[PDB]
Every structure is written in C-alpha cells, then in structure tokens.
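Single-structure report; data block below.
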Amino acid sequence: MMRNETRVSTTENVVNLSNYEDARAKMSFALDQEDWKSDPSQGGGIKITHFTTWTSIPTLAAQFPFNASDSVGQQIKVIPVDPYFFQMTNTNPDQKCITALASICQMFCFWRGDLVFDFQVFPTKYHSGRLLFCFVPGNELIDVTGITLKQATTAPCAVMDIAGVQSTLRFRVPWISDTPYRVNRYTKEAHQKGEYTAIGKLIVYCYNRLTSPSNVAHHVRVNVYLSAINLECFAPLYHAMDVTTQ
Amino acid sequence: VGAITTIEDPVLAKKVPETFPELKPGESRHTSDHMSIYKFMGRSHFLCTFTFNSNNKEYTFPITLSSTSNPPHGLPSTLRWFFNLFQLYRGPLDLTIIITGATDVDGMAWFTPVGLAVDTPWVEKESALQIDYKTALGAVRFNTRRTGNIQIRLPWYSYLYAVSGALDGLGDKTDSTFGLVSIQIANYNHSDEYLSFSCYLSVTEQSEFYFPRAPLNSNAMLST
Amino acid sequence: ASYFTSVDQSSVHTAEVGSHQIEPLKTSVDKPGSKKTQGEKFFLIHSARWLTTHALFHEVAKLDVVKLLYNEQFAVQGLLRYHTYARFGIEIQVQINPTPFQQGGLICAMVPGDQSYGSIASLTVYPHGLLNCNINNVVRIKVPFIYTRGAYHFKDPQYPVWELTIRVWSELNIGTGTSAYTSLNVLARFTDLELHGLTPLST
Amino acid sequence: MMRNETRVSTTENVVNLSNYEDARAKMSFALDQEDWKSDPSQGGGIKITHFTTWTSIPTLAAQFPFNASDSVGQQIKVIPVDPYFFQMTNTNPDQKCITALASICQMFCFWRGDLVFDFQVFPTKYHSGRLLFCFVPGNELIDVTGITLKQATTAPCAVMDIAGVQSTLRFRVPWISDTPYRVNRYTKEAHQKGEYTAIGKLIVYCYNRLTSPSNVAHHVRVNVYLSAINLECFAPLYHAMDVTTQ
Amino acid sequence: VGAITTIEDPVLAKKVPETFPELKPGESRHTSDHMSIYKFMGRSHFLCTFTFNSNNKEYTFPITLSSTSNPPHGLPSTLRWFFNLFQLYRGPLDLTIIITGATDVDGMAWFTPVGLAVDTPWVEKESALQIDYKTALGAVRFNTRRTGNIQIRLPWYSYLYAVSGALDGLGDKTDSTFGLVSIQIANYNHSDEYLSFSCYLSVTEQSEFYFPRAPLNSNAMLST
Amino acid sequence: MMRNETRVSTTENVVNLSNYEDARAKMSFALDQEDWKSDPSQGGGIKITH
Amino acid sequence: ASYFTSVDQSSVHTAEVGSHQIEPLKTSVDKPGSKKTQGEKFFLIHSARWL
C-alpha cells in the first residue's frame, strides 16, 4: 500500500532573487547535463574570485598644484575621506574618470577599513620644501577652513620632504568613528543629522615655502593616489556616483 | 618607517604601509562575506524585457557582453558594469525568466549557440524556422497557467576559448556574443490582458573570470 | 620525418661522401643562428617626442604591438611570414632621457584588446610602470598571452592582441631656456614564441 | 501528529526535453512494470552504442580524373577539408550521395579531429607518374588558385607513385586552427569574418606527366575516400547538408 | 611508413594511419560526450501533431519505423534519420506528449500492440471499440486542466524478434510497425479554443541497435 | 529556519491503470487501517495464484 | 644575453603578470615551428623534360 504525504507550506511558487541558492537553475539545456572543467590555459594563471584585486591597486584620485607664492600656513587642498571621492575629468572623450576603489564601493551601501592615500611629488632634485598632511576626524559637513597652522599640529599629521629619492608618501588613515559602519548617502537626496559618509576630512598645508633657482619651474604638481586595506562591505545596490567637485 | 616608499619601483610597491599606531580591528560580525564575486553576483540581476502584441509571434534576443550596444538593447545596470571589470569569461550561466499578465499561454523556449542560423536579434516577427529544427537544439515547453517563471541553466557551447566584453569593430561583432535565447508563444488569441516577460541573469559556481580590467567611466553606465 | 613525405615503391639507399667535420679553428665565434637568437631579440617600435604642449591625459603614443612587429624591416619577419598561427608573450622597454632640470611623468600601460571605455585614472590596474624625471628613465613590462581564440592569425587578425597606450601622467614643465622636449623610445620582443601552420600562400 | 512540509519551488510543471534525465518516463503501460533482458541472438553480436562505428569507415567523397595532356604544375582538383564535403551525385534514382562521415556531422554544430583522406588510383601496371598532395592550412575562403608548383612544396605534402602493388595512400591532415573547434555555417545564410568551417584547403597537382604506351587508356581516374580519427562533437541539431559542387 | 596501404586488402585496412609528425591532442574539456547514442538520442525529438475539430472524436496513429511513409504521416526530421542508420531495433521507448489550448478536457490514452483489432491509422473518427475493450489493454486517464503533459514509457510487446526500418512491399507493411498509440477526448463541448496535441519520442537505456546501415541520401530527409 | 523544496515534475495527477503499483490505494475506509490475515479454513487448502 | 645589450645606470625590475600556461587542450597538434622544421625540409629546384 502506498502512503506518502506532504503538506504544501505557505509561500508556494515564489521566485526569490535574494541570494544565489534561490537563483540556481533547476533544469538545464545542457545535453545530458554535462559539466565543464576548469581551463586556466589562455588566461595567464590569473583568476579573480575577490574584489580585493581591484581595491588593493592604487588609482588616481586628484591632482593639486603647489605654488611658490603660497605663504606659510595656507591650505592648498581639502579632501574628504571616503572611497567615493574622485574629482578627475577628461575632455576627449567627455568622461568622468573614476578610481578603482570607488567603482567597487559605488555598488555597496556600507563599508569600513583604512583608506590609504599615496602622495606622489614630481619635483626636480633642486626644489626643496615640506608639506603637512593633517587628518581631522569627524564627519564631512564640519567647517575645516577656520583652522590655522599651529592648531593643526595637534591632530595626527606627517611632515614630508620634497627632495630625495623617495617621491612617494604612504599615509594610512586609522579608522575612527562612533559607528562601526559608514553609509552611502549619495543615493538618498538630502542631508540628515547622524548619517555620514566620510570619516573626516584631510588637509594639506604649506609647511615651508617652495624655493628654487631661476631656470626651473616654480611650482611642483603632486598627484594623490587612493586605495584601501581591511576593507569590508555589504548590502549591494546599483548607483552612479557623480564626480565630487569643488 | 613604512610611511615612505618609491612607487616608481614595483618591488617596493608590495610593502605593507604603516603610518600611525594601530590595533587589529577584531572581526566581521556577520558570517558570510559580501566581497566574494560568487556571492555578490550570486544574486540575480536584471537583463531585458519585452512584450508580445499579437498571437503566434516569436521573439529572440542574444546575450551580448559587448559594451558598445546601449540599452534598451544591451546589458543594463549591474551586468553592464560587471562584465566590463574583467577581460574574459567562460562557463555556464543561470537564467531565470518571469511571466506576467495573461493566462493559459503555451510557450516553447530554446537556446541557440553563436553563429548558427537563427532569427534576427532584437526583432519580433513570425518564426522562420522549421518546427523540426527547433526541438533538435533542445527546448522547454512551458505553460503560463501553472508556473509563470522558469529557472534554467544556459550551457557553454562555443568555438571560442572564452568571450570578452571589451572589443572594437570586426571582433566585437563575433566574439562578444554568448548565445541566443528565444521564446515562442502560442494560443495568445485575445490581444488583451497584455502578456509580458522579463529575464534575470545570474552567475554560476562553474564560471571563471580573468585578467582584471579598469572599471567604466561614469558616462558609460546606463539604465532602462 | 618532418613534413614533405615521399611514398615510393622503387627507392634506394643514398650515397654519402665524407661526413660532418668539426672545426679545429673556427671561422666565426658567435653562436650559430637559430630561432632563439633571431625571434627573441629586442626590436624597435615607435619613436616620438614628448613636448610641454601635451596636456594632462593627452596620448603621446598609441601603439599596436603585434601589427608593428610584423614588417619587412625586422628579421623576425623571417619566421612569422611563413607561419599562419602563433601564440606568445611580450616584453616591453620604454626609455626616455630627462634632464634633471625638467619635471613630470608618464604612464605606460599594456591593455589587451582595446581600451574601449574604462576610466583613464584607473590605468594603474593594468600591468604598468611609471616614468619620472626624479627616479628612473626605464620600465620593463612582461605580459603573458591573452586572447579570445587559441592563437593569433597574421594575415587577417580578428582584433589586435596587445594595444599599448601611453598617457601623460603629469604635465611637463621647464624653466626659462631649458630644453623643451625629450626623446622617447619603445622596444619589444616575443617570448617563448611557438609557431604552427606552414604555408606558401603568404607569397 | 503528522508534520511534513515542502515548499514548491519555481518552474513548476515544466517539460524539459533538453537531456535524457528529464525525458525519462514517470509511468508505464508495461504490465506490472516489467523489464526487458538483452537479446544478442539474431543480431550477430553487433551492438552499436557509439557513432564511431560510422565515422571510422571510409566512404567515397569525390572522383577526379588525371589526364596525360596536363602539363607539369597544373592543379587537378581542389578540396576543402571538412567532414561536410561530398560532391557525388546519381541519376536513377535522382539522389545526392552522402558520405558516412558527413551524415554524422551534418547533425552537429561543432567538431575537431583529423580528417583522413584515402586516395585510390586505378591504373594498369604500365602507367607511371606521380602526384603531389599539398595541404594549405587556413580557412576555405582564401584564394588557392594563384599558387604555383614550386611555391607548394613549402607546405606539408606527400608525393605518390602510381605504379606498384600499393594503390592506396592514407593522408592524415593534422588538426591546425586558431580555435579549438570549427563550426557548421551552412545552416546560417551568409558569410562572416572569423567564423569558418574547413581547416584549410587541399590541392592535388600533377607532379610528373602521365606516360603510357598506345594500347592502353591515357588517363587514370582516382577516387578520394574520407574518414576521421579522434573526432569530437557536440551541440546537436537537424540539418540537410546540400552537395558542395564546383 | 603508415602513409601507404592497400585498401583492397581488408587485413591491412585496420592499420593505424600516420602521415606527418603529431602530438596527442590533450583532452576534451567538457565531461560528458555527445557521440554516445544513448545521449544524443537521449534528448527527445519530434514525432507528430494533430488537432481535434469536434467533441467525442478519437484519434489514432501508429509508430512506424518504415522509410517509405513520407511526412506529415510518418517519421519526420531526426527520427526518420536516426532509425535508418541501423537495421534492427528492440526494447521500450519513452513517449512524451504535450497538450495545449482548451481546458477542462478529460482524455484516455491507450497502447495497442501490432496486429490486434484497432482503429484505422491516421484517421480521426468516432471510436468503434467497446469501452470494455479499451481499459483491458491498459490506459491512462488524464485531465488537461491539471497537467497538460504526459511522459510515459511504451512497452515492447511484439511477436517479432525485432523491428526494422528498411523494408520493401510485403514485409514493410507488417514488420515495420512498432505499435499504436491512441487518444480519446471527452467533454470538448465548445468547439472553440482549438485543442491541439504534439508527441515527442525518446530512446531508453534498455534499447538496442544492430548492424549499422548506410545513411540516407539527402533527398530522403524531410520536414513537416 | 525551514528549507525544503521540490520541483513538481511533468505528468501531474495522472491516473495510471497500467500496472498494479499504480492501481494501489492511497487511503482506506478500513477502520484504523487494519490488515487481514489469511484464512485457509473452509477452502480445502486450495489456493489459486496461477 | 643574446645580442641587443642595454647598458644603463637607472634600471629597474620588470613587472610580470601571470606566467606561461601549458594547454590542457591543444589548438594545433603539429610540432611548434623552429629552424629544424623550416630550413631542413625538402624543396623543389628544377623541373624539365627529357626527350
């Protein structure tokens, strides 16, 4: 005698696109349900399972000039600290240059980690001068401009020298926040108190003036790289992050 | 000491940067990680949508990884973004389509490898193919009354080692197409009630990815 | 047994005279020529000037590597012309000559296929190296083979394998009177080259 | 107390004709669900599980004449290399003679392997002469005619003698292609760059002239067989391959 | 040395031909093979189709392996091609039929061995058989509302050792028929909505095949 | 968390009268699903299976 | 060291990506072309008649 019984539960026949296990295919067109073996051959041994491959590679966030006419204590450039920050642009073709670390987090709601800026000077050997990178923990809506130079040495900072065989400074912002995770507000329209994106603002002062003889240019451009470490994420979505300008 | 380096020298580029004093930031509190590709793209994503305006008309669309084709015909939203981060792709895909609107509609969907004689892409017209030619390539026959949604794994059949998303001109017309999925409707007789479809593409655990590229400049990403 | 294969009923033993003699005093002391000494040497590709009038992200030299290596000029033309298919790796030299009174920099990125769209500011993702007047005048890039088929086809190639690009990473600048330009050179070689598919039809 | 519950997934009640496991019958008319034992008896021990039984048997592709009036260096016949190639025809009844290797691959999209041609001369013992079979790797749309005889000895070739007790030459085209698999384009209508069927063309020259006394015929017909080894296939379909003519 | 042989001598015909220098061509990259018959014909293929124009009419078709009968009545497409490659056949078949169009239709399908009293093949007429005669041979009673498709294994019942596809005249009328499948419809009452059927034949793992023949000259293969 | 899923195959709800295994009853009127023991008594030991 | 020889002060290590991959399924099964397969083959020279 045949006895088999099952009660059909609720949520009968509901497509769940949430996570993979509910997206996996029940049937197949594949003849005789065959399977595909891996084939490393033509790829050069490079296989990508993890977005760390992009986020661990430095990219060009911004380029700011450094000028000999700038007296001591003047703020050259102010940067917010988020992976979302790129001010670059191009002409032909018209486009908005995005960093790599941005395009990974522009698809995600939340993140935490340490954003590592890399400052690259392009001087001669004959220039000389210093800079001060002052990290100011907080949110990005605070007023950073009314800060003098003497008041800045309180906060963590690093003083760099332009001349030498090391043109590059690696500067690692330690993660400091009241909440374990920051959020992506650019999708939502307006501001709200308590909901922040950056962990605080960066400042770059002119610590000594910029000296140089006559036959060389008087201003040293400096690129700013960006990349992360210990980066975590979750809650995907689709978003087009616009260039943050000033 | 790790606060100074020469990035023009790639050997020192793998150095571990240190700047200030730090502590190990504990653990992540939720078990699963969201940065593994097979999870993030484990979720399904949108592909395309089309509607039938009359009975016994057949519709066909290719799955094209090319960046050149702009939506509504092409890859929208996330997929357009995801298949341009890396140079190559190979391995099966998991396809899920969803039926809406009118009821008691028989339909037969098939899959056509690249290059073989097939209906013109992105064109809604009466089928030109012999009924004997369809079922040979394999097909599933579905009714809209009972299910209304189908989740089926597209195989990898191609004469190419792999397929690429970034190409120009003569190459982009050939290599950049994965395959064609077609859907024929029958017994649609009343033109009312507006039968409509939608597709959703997902990535398997047998897929691979090679040679990371640069992400797309913002003017590239679009939406339907 | 190589390729040309005689099938004969009536055949016969060949008649030798003498035999291969080693030289007790050599006529030429260099290594006997072969593939590894011919195909794999360094060859010159493109030579252009880099001027201060080039703005940021201007493209000094856009190169197609494999299309340029195949020409009557370079003795590697010898092999490639009589073979239909090939697969291989590439190596690259980029050499410039800054005078230390100048300042600036370049980027040399090997992009497979074409650049297409993706961002300029991300070219540090591709295998690359940075020229700077402060540090170094030379970079070496070595990439394996990437392509959507088994091998390249020289007569009518589908799409160029490695299309090299060079963008100006920071605007060049000088003082008053300083030399306003610098030479720029590119070198390339095949590596681990493998050939197939002999054929007359190239002529 | 009875507790059994199952959520009915998506794709409820969908006929999958894709692969066998979804075509297998759930129920049966067979009385008491009986099973059938094998019966080799009347069949002669010959059981066919695998299409290699057809493709490993040579068949008649084409028949081309060899004439004494043809001066050295003239191309007698040019053949593309694919299993799809048969030029034969008949009158009563009107029909298109198909090879075996063709009718197996005419149902398939892709293939790879080595097509083995077998050339069979039908001379007397008193004729004498040679031929040259020149393989020219490539696709089938290239121009093969402008090739002289001296230029052909570069490509792989084999020189055959007509007189003897061996009338048959087995000539095995090594597989050479940029792509691991060729494709069947005859279903699709027009040409496309990069999508090919043949792996290249075959040529048959006249290497020496054809000499013979008066009382015998002056021209030696030669059949061309066809068959494969290491042949792989996939992606079935239905197609009627028309005779390729010239 | 293997480049020369005498094909007029069958002992040397089993020689392994060699011509040029070669390498072993590695492996096939996908696990399953597509050249095993039980896979290629493991996929189902098309058979026939018919429509009912009125209520309470019964339809009957034989499964005939003969080459002589030309479609629409006969084997079309692949099956017509597949059953002519080999001389003999024996063992069960897996039949799948698919219902379309109108709803709330009861039907009862049965299977009739060769030679026994049965309705005339390829003729749509009111049933001549006693209702008591039908269910004895065995039958399945299906409703179109709930399922609309049926996958059922035809048994091997015949007085012949096996059946053949290549025959002429007096033999082809008898040996070449596998058996008859019939479908009766009831409660079709409204003549609208166009109830239609389709069949699909597949081959089992218990089938056998004997003595390979020559494939069919192109003018033989046809389509519906 | 409850996860159990089954795809309902084709040929849903089809009565098969073909062979016994498809004719066997799923439910019963028999009180408490009781079973009947054999009873050779009055038959004279003669039982017919064949 | 082959022939072309760079003599430089400022030089630097090259940046590889990946490495030579063997083929689990070959595209072409013939021997990889080289000198011994090219130079040493049989070639045709003169073809005349003997009367």
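The first chain written gets the first letter, and so on, giving A, B, C, D, E, F and G; residue counts start at 1 in each chain.
What we mean here is this: a contact is a pair of C-beta atoms (placed from the backbone, for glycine too) under 8 Å apart; a residue touches a chain by one contact, two chains touch by 3 or more.
Placing every chain at the mean of its C-alpha atoms, the farthest one from chain B is found to be F. Of the two chain pairs examined here, E-F and B-C, the one linked by more C-beta pairs in contact is B-C. Centre-to-centre spacing of chain A and chain G amounts to 45 Å, using the average Cα coordinate of each chain. For the pair chain A and chain B, the distance between C-alpha centroids works out to 28 Å. With centres set at the average Cα position, the gap from chain D to chain F is 56 Å.
For chain B, residues that reach two or more other chains under the stated contact definition are 6-10, 88, 96, 130, 132-133, 135-136, 138, 140-141, 143, 146-147, 149, 151-152, 156, 160-162, 170-171, 174-175, 210-212, 214-217, 220. The multi-chain contact residues of chain G, meaning those touching 2 or more other chains, are 12-13, 15, 17-19, 21, 23-25, 27-30, 41-42.
Of all residues in chain D, those that touch two or more other chains are 5-20, 26-31, 107, 114, 153-154, 156, 158, 165-166, 169, 174-180, 193-194, 234-236, 238. Of all residues in chain A, only 39-46 touch chain G in the complex they form.
The touching residues of chain G, when paired with chain E in their complex, are 23-26, 29-31.
Taken together, the chain D residues at the contact with chain C in this complex read 136-138, 142-144, 147, 151-161, 163-166, 169, 176-180, 193-194. By the touch rule above, chain D contacts chain F in their complex via residues 5-9, 11-15, 26-33. The touching residues of chain C, when paired with chain G in their complex, are 2-4, 6, 34-37, 40-42, 79, 82-83, 85, 87, 89, 91, 93, 127-129, 135-144, 149-151, 187, 192, 194-198.
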